[PDB]
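Residue numbers (the entry's author numbering), protein chains in the order written: chain A, 105 to 152; chain B, 297 to 344; chain C, 62 to 299; chain D, 58 to 244; chain E, 13 to 461; chain F, 51 to 98; chain G, 244 to 485; chain H, 254 to 352; chain I, 155 to 203.
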Amino acid sequence: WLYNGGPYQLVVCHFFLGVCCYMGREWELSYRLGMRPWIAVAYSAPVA
Amino acid sequence: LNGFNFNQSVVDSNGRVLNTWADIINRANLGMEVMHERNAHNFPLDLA
Amino acid sequence: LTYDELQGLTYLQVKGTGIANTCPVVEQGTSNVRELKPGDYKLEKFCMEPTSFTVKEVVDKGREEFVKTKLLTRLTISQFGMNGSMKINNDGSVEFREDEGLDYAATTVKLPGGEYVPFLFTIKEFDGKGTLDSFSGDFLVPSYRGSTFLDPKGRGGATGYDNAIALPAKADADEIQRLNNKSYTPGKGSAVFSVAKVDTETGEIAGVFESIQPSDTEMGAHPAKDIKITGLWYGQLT
Amino acid sequence: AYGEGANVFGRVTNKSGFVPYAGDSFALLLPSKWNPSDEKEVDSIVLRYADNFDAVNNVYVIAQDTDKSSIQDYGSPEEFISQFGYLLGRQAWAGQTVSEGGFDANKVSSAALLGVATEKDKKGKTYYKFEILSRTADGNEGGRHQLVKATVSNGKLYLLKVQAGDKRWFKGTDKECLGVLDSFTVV
Amino acid sequence: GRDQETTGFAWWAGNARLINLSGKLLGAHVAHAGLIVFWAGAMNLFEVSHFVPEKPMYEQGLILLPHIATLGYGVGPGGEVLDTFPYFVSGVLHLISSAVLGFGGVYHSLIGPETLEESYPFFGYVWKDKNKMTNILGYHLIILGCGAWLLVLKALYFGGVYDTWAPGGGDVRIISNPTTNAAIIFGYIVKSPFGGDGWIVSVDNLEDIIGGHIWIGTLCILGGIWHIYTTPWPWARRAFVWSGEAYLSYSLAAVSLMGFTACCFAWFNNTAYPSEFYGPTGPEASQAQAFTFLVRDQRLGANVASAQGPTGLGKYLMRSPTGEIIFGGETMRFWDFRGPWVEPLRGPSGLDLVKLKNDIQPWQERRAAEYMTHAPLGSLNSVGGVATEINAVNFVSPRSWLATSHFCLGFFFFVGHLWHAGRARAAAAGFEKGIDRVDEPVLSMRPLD
Amino acid sequence: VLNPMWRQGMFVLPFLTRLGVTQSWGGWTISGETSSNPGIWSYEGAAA
Amino acid sequence: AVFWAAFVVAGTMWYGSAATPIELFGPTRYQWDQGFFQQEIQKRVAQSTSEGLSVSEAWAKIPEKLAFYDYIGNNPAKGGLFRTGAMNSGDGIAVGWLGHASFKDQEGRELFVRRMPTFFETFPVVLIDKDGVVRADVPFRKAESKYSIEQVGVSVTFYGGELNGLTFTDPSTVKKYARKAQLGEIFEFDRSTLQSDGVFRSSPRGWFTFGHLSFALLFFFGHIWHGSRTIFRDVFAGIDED
Amino acid sequence: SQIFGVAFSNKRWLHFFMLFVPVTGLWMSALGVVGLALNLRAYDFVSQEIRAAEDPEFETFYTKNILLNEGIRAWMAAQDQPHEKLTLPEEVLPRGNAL
Amino acid sequence: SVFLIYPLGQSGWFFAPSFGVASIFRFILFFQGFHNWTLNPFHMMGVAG
Ligand code: CLA
Ligand code: CLA
Ligand code: CLA
Ligand code: CLA
Ligand code: CLA
Ligand code: CLA
Ligand SMILES: C=Cc1c(C)c2cc3nc(c4c5[nH]c(cc6nc(cc1[nH]2)C(C)=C6CC)c(C)c5C(=O)[C@@H]4C(=O)OC)[C@@H](CCC(=O)OC/C=C(\C)CCC[C@H](C)CCC[C@H](C)CCCC(C)C)[C@@H]3C
Ligand SMILES: CC1=C(/C=C/C(C)=C/C=C/C(C)=C/C=C/C=C(C)/C=C/C=C(C)/C=C/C2=C(C)CCCC2(C)C)C(C)(C)CCC1
Ligand code: OEX
Ligand SMILES: [Cl-]
Ligand SMILES: [Cl-]
């Protein structure tokens with residue numbers, strides 16, 4: 105599994121998931137705390 | 297999709313090539329091309 | 062899974078299922094072997110398949126035996142499409158000839174202890190002499206890599222710098238075998254074969270084989286290791 | 058920097074891509090985008106041209122003296138090719154290897170003869186044209202095609218080769234190579 | 013035309029001023045539909061004006077003639093062009109309908125009624141009239157199902173469609189007995205999107221394509237009558253946000269996923285996008301190069317089963333990690349490619365050795381050579397080949413251009429969906445401008461964060 | 051035999067060995083045998 | 244004033260001047276790039292070779308310090324940012340001069356190895372004729388190559404050093420000594436006494452120039468900050484708010 | 254503080270650090286190119302190149318970069334340095350298999 | 155540091171960058187090949203900043 109590069113696919117997939125969840129959470133906390141949720145719009149460029 | 301490709305795009309009335317900085321980058325690209333993954337190429341054209 | 066229904070399934074139902082790395086097995090006939098008709102034969106679709114990959118290790122306390130290893134590559138072990146000519150006599154003395162086909166298999170295995178030993182599992186140009194029950198011989202063994210293979214600092218046999226030019230003083234040193242010359246001497250191996258479950262109706266043969274062959278010598282470096290390869294083989298006569 | 062106007066509204070001057078050139082007792086078509094190189098290959102070279110993009114797309118002529126009367130005295134095309142194997146390039150690797158396959162023992166390159174020809178001039182002189190594939194063990198540039206043309210002047214045996222990459226052969230250089238090959242007229 | 017003060021929206025929010033304008037909203041929609049179909053007609057007519065028949069249509073940077081060819085008009089046995097008259101008829105009809113829709117759009121954008129509620133109750137709606145706007149959604153679903161059924165009937169009784177998978181190299185055919193099996197037809201939906209499976213990219217035959225179209229059309233008709241005859245559930249009301257900008261953001265999320273999936277279709281699918289018209293894929297070009305060099309060394313006397321490459325793994329033949337016999341080269345990474353010129357060459361264990369040694373086909377070899385010479389690889393200046401290659405072949409694949417542009421559209425529309433989605437959530441929360449400076453939630457909670 | 055753990059200055063290795071942990075995840079056994087399957091309770095297993 | 248003087252000292256150390264002796268502070272990279280020591284040696288050969296006593300001898304008449312100066316390892320701009328320490332810890336201590344290598348091919352013309360430019364860490368080895376066209380090279384490909392020494396037949400001969408009048412014809416040793424002469428003159432270095440890594444280090448002149456250039460840039464920033472501080476001594480803590 | 258874990262408590266320090274990051278970056282880049290001005294580079298890792306020299310299997314991305322850089326320079330010299338008139342032949346140019 | 159210090163340290167203005175986008179690209183690849191400017195610590199300091 106290490107020889108064929110499986111840990112790579114695992115880490116990259118989980119990083120994709122974590123980054124998308126992180127910026128959607130930025131949207132969420134801006135919604136909860138009383139902000140404008142374009143912080144997630146701004147993070148859509150590092151996500152991109 | 298590639299970037300700009302202005303290799304040998306500047307030629308004179310005699311048809312002799314005006315080597316440009318684009319052609320300098322072209323031959324540089326050959327230099328970093330010939331042996332990137334220097335064992336996995338079994339064909340001249342790299343369509344993979 | 063016999064050869065009769067091996068062609069009876071399309072590529073869609075065998076893709077990604079490991080059937081393409083599985084030899085046919087003979088289900089009819091008897092294992093008495095002697096029932097096969099004698100004479101000159103031309104086998105086609107001779108198939109190879111390993112069942113165990115083990116690497117010899119000089120055990121520390123003076124012992125010497127083969128230890129089980131872990132296959133680092135995926136299911137890329139077998140070799141198909143083998144040709145050649147067979148002769149069978151009344152007393153049972155047989156000879157084996159192999160000419161071309163998918164006659165190499167580069168596969169790296171992991172030894173217990175974080176050790177990797179790459180090798181080229183080959184059976185090319187094998188001349189098995191003996192009877193139907195057992196017959197052995199010698200076969201050609203290529204090293205591994207081509208003459209033009211390039212290491213981290215170029216170099217190598219055919220193409221390369223012939224020296225590590227990153228160091229302006231490490232050109233003449235004890236590393237004569239590391240930069241000046243790269244060894245590509247082809248070794249020789251030992252193969253033991255046994256024939257079982259012969260179908261005289263369609264000339265189908267099977268059995269278990271044994272392969273002894275030295276591994277990669279990493280181009281004039283640390284000595285290679287002898288590998289014991291066991292598995293099942295299948296063939297079709299004419 | 059003398060005073061004359063710019064070239065405008067008077068159509069293009071050259072588009073075919075070939076510019077005539079003549080040397081000593083010979084004249085042929087050279088590519089307009091190719092640049093002659095001062096790297097003389099063999100000791101008997103008068104003219105040599107090459108492409109500025111890749112140095113593989115090169116061409117030169119040979120002005121070696123002769124001891125026979127004509128190339129007909131040299132005989133068959135196979136016998137003529139079999140004497141001039143230095144032009145392709147000798148293998149500098151001598152170690153025996155079987156781990157490359159498809160070639161002869163202790164060999165990493167092969168000369169695949171793609172064709173021969175018997176082309177006549179205006180009156181009676183023959184223009185030998187052949188085609189040789191020069192592969193390698195690794196197949197660099199997918200091999201190399203050797204397009205050779207030979208003739209006999211008053212002495213000074215004139216050979217040609219338009220050596221070019223095989224990727225260039227199917228990517229826009231075969232027609233230019235043929236135009237160079239069939240224009241190698243020696244008078 | 014309104015100002016900033018009476019609407020609260022600036023010029024860069026101009027059509028925001030017509031969020032609460034049903035009539036001008038529908039007029040802008042009709043005008044924009046006219047714009048879309050006007051570009052359809054203009055693209056069709058421009059492409060057929062610059063269409064050269066002897067050269068392949070993908071070499072000329074043509075996209076829409078491949079679409080009409082997949083529809084099954086003007087082509088014969090082998091994908092060659094025979095008559096551009098249906099192409100002209102489609103483009104002319106698009107231009108005339110564009111004139112009609114543009115006239116309607118400018119009429120309802122200039123002198124159309126401001127709101128449709130007081131005059132036309134069937135067309136009158138707000139963003140909170142759940143039953144009325146679900147009736148509108150059901151009307152649109154029935155319309156789309158009717159369009160899918162039109163495509164189905166075109167494939168069934170109106171000359172059929174083009175199959176690149178047809179024996180001999182693709183032809184126009186009539187489809188019969190579609191794939192109505194539920195498990196087979198939803199296996200693509202429940203499939204993994206990675207390589208080897210590709211989710212719904214890996215649709216390979218027209219019977220399955222038409223069966224899926226029948227499935228989606230009948231289901232869409234059922235959904236339309238469902239939305240017309242029913243009302244959204246209270247749990248849907250609680251979970252959802254019910255503003256016009258919310259419906260806009262939801263549609264933008266849908267079309268963003270749509271565009272990403274369509275980009276993957278353009279870059280990989282060769283069944284719904286035959287390479288004879290759209291140009292070869294990257295997979296098709298790589299395996300074409302391997303096959304062309306294999307048959308070249310076969311015809312010049314070399315054994316492909318033997319003669320291992322510099323790596324010792326096999327220059328022309330290797331084994332897939334699952335064990336299938338595949339071509340040599342780095343093209344091993346593209347070993348899951350399926351194009352209709354290798355399956356006869358492919359046997360049970362993969363590539364059959366005797367098949368590839370003794371049963372070659374001239375159409376397959378010339379198709380592979382032409383795809384090799386025109387791989388989907390070129391510059392934005394339409395300079396062919398890699399970035400190191402000289403400007404001699406004027407070709408960049410429509411597959412590459414559509415994949416690039418459709419990724420642009422899908423990603424920008426994802427960001428637009430997120431934009432309007434955040435604005436929908438905050439505006440329905442009643443917060444579309446900021447904190448009230450006297451009712452800050454921050455100053456009323458506990459410290460330490 | 052000639053270079054056992056007490057010749058290598060091993061401190062907690064004898065204490066792991068004394069109570070039962072003899073196999074290792076490295077594919078060897080301190081008695082000179084080969085660990086076919088050491089399981090989860092090896093030296094590195096106990097350390098983790 | 245002090246980073247003015249820092250730029251002055253960096254310039255005078257990198258270009259060389261009256262108070263910057265080569266004997267004490269090492270050579271300059273521009274002397275190597277201008278063939279200064281090589282030109283000196285070769286005209287010291289032209290004199291006393293044009294009047295008899297040919298290149299077989301009188302190379303011993305060439306001082307050993309001059310040949311040590313004609314070496315790219317003696318170049319101050321051949322090290323790295325982190326090739327740390329003494330030059331001897333880089334290549335070993337020179338023990339003796341083996342003489343100027345004269346290369347001759349199978350027909351008789353005298354070939355010369357191309358001198359390594361200062362900008363390169365590695366350089367290919369080629370053999371060029373008097374007329375300026377490459378006659379041989381160390382073959383990378385070695386396949387369908389017709390410039391290799393193994394087929395051209397170049398022998399190397401030495402004069403006036405530890406090896407004098409000795410002609411090597413073996414391809415491996417002529418390749419190795421051609422690679423050694425690629426760096427300039429030919430010298431033997433003791434390496435095991437200081438554990439030499441192999442790469443070249445930098446001269447004290449080069450390190451001096453680098454440190455003083457960095458210090459001069461930092462002091463330019465400091466002078467800008469102190470100029471702001473001088474003219475703006477009244478509004479540091481805040482502005483007049485009016 | 255709830256998203257990232259840390260947050261700014263001062264507009265003045267926020268704006269000054271916004272000033273601080275690119276000026277520090279550009280000044281350190283200037284010092285680096287000043288170091289490059291005298292052929293003093295971070296080119297070779299001595300220990301890694303040593304173990305790559307005595308280990309033909311030890312391939313790393315750093316060694317791949319090093320080899321690609323001498324390939325860069327070998328292709329640079331001829332067409333970028335006319336005053337050296339380096340007439341490097343085609344064969345001496347380092348290249349991999351095929352291509 | 156890039157238009158005066160580098161040419162003054164090197165052989166001359168020819169190794170200095172030329173005023174032009176593709177010429178700056180040539181100079182950038184020149185530092186990539188000759189200097190390994192990506193692996194330079196001060197350069198990583200700068201790109202991080
Ligand atoms: C069909 C989808 C759709 C619809 C109906 C709307 C509707 C609306 N948007 Mg919106 N938007 C969308 C998609 C959509 N948007 C997408 C996909 C994005 C990208 C993330 C945006 C980003 C966006 C922003 C930033 C804003 C709006 C705003 C608005 C409101 C006013 C718009 C206006 O008049 O400004 C005028 C419109 C323009 C001046 C056009 C912009 C010009 C662009 C940049 C040129 C692009 C062309 C170029 C060739 C594209 C190539 C890229 C690639 C495809 C190759 C309005 C109700 C505004 C708002 O919030 O008001 C409440 C506003 O701030 N939108
Ligand atoms: C394709 C995109 C599109 C569409 C369909 C619309 C549509 C509309 N906009 Mg809008 N707008 C857009 C883009 C668009 N806009 C962009 C990008 C911006 C940012 C610059 C704005 C900024 C904006 C503002 C500030 C306002 C509108 C307004 C309006 C509405 C009425 C305008 C009006 O009646 O005044 C008349 C407009 C004109 C007289 C100029 C147009 C000249 C003619 C009609 C051009 C049409 C030519 C056409 C091809 C002819 C077809 C022929 C046909 C008979 C076949 C209308 C429905 C207004 C509104 O909110 O409604 C109350 C308004 O306040 N828009
Ligand atoms: C999205 C399309 C659409 C919609 C929803 C409406 C809706 C409306 N229009 Mg209208 N219109 C449209 C397009 C549309 N129009 C276009 C394209 C034109 C240009 C020809 C017009 C020109 C027009 C005029 C001149 C008038 C209206 C008027 C009206 C209003 C009431 C009277 C009426 O329905 O007239 C009757 C509608 C018709 C006679 C058209 C035929 C209706 C059938 C059902 C069409 C069948 C559709 C069929 C499926 C084909 C679809 C093709 C598809 C592929 C696009 C009403 C709210 C009136 C108004 O503004 O009030 C003062 C008015 O007098 N429209
Ligand atoms: C694109 C057209 C379309 C649109 C916009 C809607 C929109 C809506 N529908 Mg509807 N529907 C449609 C088509 C459509 N439908 C069709 C074609 C059918 C026939 C099958 C139905 C049958 C239907 C029913 C029976 C109901 C709705 C309901 C609803 C409402 C709430 C749904 C919800 O909560 O979100 C989404 C719901 C979920 C995410 C949970 C369901 C889980 C999934 C979607 C089941 C599908 C299984 C499948 C394997 C999923 C894998 C797909 C994935 C890999 C991409 C909503 C406004 C509900 C309603 O409120 O009544 C009006 C409801 O009861 N719809
Ligand atoms: C200015 C932006 C722009 C431009 C220029 C284009 C241009 C194009 N797009 Mg695209 N698109 C865009 C934006 C854009 N798009 C955006 C923002 C998205 C969302 C991300 C999409 C999503 C999208 C998809 C999903 C697809 C396209 C496709 C296309 C191409 C064909 C158009 C088509 O036929 O679609 C579709 C047209 C319709 C749905 C109208 C109805 C057509 C009917 C149903 C046809 C019925 C014919 C019938 C069977 C004939 C028989 C009659 C009788 C005998 C039965 C075209 C070149 C297609 C493509 O090339 O694939 C990549 C395609 O599938 N686009
Ligand atoms: C239940 C959890 C657990 C388990 C299964 C183990 C298991 C193990 N530990 Mg360990 N350990 C644990 C928890 C655990 N530990 C915790 C929580 C700590 C932190 C304090 C430690 C710290 C620790 C260290 C530092 C070491 C181990 C070591 C070991 C290994 C050998 C044990 C040994 O040295 O033998 C012998 C154990 C003893 C001789 C303890 C004697 C107890 C005395 C005699 C009690 C007498 C007083 C009592 C109150 C009187 C009772 C009165 C009576 C009438 C009832 C072994 C695999 C050793 C090792 O090899 O490293 C891996 C080692 O050096 N452990
Ligand atoms: C390549 C990127 C780049 C450009 C083009 C640029 C441009 C500019 N920066 C300015 C300011 C600044 N730059 C600053 C921070 C930064 N600036 C950065 C990057 C850039 N800044 C970075 C990365 C930072 C972070 C530290 C500050 C702090 C300031 C200012 O105070 C000032 C400002 O107000 O910002 C808006 C402006 C004042 C220049 C002027 O009139 O000088 C006058 C002198 C002139 C015009 C003569 C220059 C002629 C040059 C040197 C020789 C000829 C060159 C050609 C004209 C063009 C050649 C182009 C090729 C090489 C491609 C100018 C628009
Ligand atoms: C035509 C065709 C076909 C068919 C297809 C199909 C059948 C499709 C489908 C499909 C479907 C049938 C779909 C569905 C869907 C849905 C969706 C996609 C949705 C959604 C959403 C979401 C994502 C959610 C969210 C949420 C959550 C998470 C929870 C809570 C609530 C909320 C809302 C928040 C085929 C390919 C075969 C063939 C070819 C042709
Ligand atoms: O891995 Mn990195 O570099 Ca993109 O092309 Mn294909 O793959 Mn491989 O070769 Mn060329
Ligand atoms: Cl690489
Ligand atoms: Cl490849």
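Ideal Cβ positions, reconstructed from N, Cα and C, are used throughout, including at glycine.
When the Cα of residue i is compared with those of the options, which residue comes out closest?
i: residue 269 of chain E; options: E:423, E:43, E:321; result: E:423
i: residue 49 of chain E; options: E:382, E:78, E:105; result: E:105
i: residue 236 of chain E; options: E:248, E:341, E:217, E:144; result: E:144
i: residue 138 of chain D; options: D:205, D:227, D:239; result: D:205
If you drop the 5 nearest sequence neighbours on each side, which residues of the same chain put their C-beta closer than 6 Å to that of residue i?
i: residue 209 of chain C; result: 219, 220
Is the Cβ-Cβ distance between residue i and residue j less than 7 Å?
i: residue 380 of chain G; j: residue 395 of chain G; result: no
i: residue 310 of chain G; j: residue 458 of chain G; result: no
i: residue 255 of chain H; j: residue 461 of chain E; result: yes
For residue i, I'd like the list of residues in its chain whose CB is within less than 7 Å of its CB, leaving aside the five on either flank, ordered along the chain.
i: residue 487 of chain G; result: A question about residue 487 of chain G goes unanswered here, because the residues of chain G that appear run from 244 up to 485.
i: residue 196 of chain C; result: 155, 157, 189, 190, 254
Quick one: which chain B residues come within Cβ less than 9 Å of residue i?
i: residue 170 of chain I; result: Going along chain B, no residue has its Cβ under 9 Å from residue 170 of chain I, so there is no contact; the nearest lies around 14 Å.
Which bits of chain I does residue i rub up against, with CB to CB less than 8 Å?
i: residue 257 of chain G; result: 162, 163
Residues of chain H with a CB under 9 Å from the CB of residue i: which are they?
i: residue 390 of chain G; result: 342, 344, 345
For a contact meaning CB atoms closer than 8 Å, what does residue i contact in chain H?
i: residue 208 of chain I; result: Any question about residue 208 of chain I goes unanswered here, given that chain I covers just 155 to 203.
Residue i versus chain C: which residues are under 8 Å apart at the beta carbon?
i: residue 107 of chain A; result: 133, 134, 169, 171
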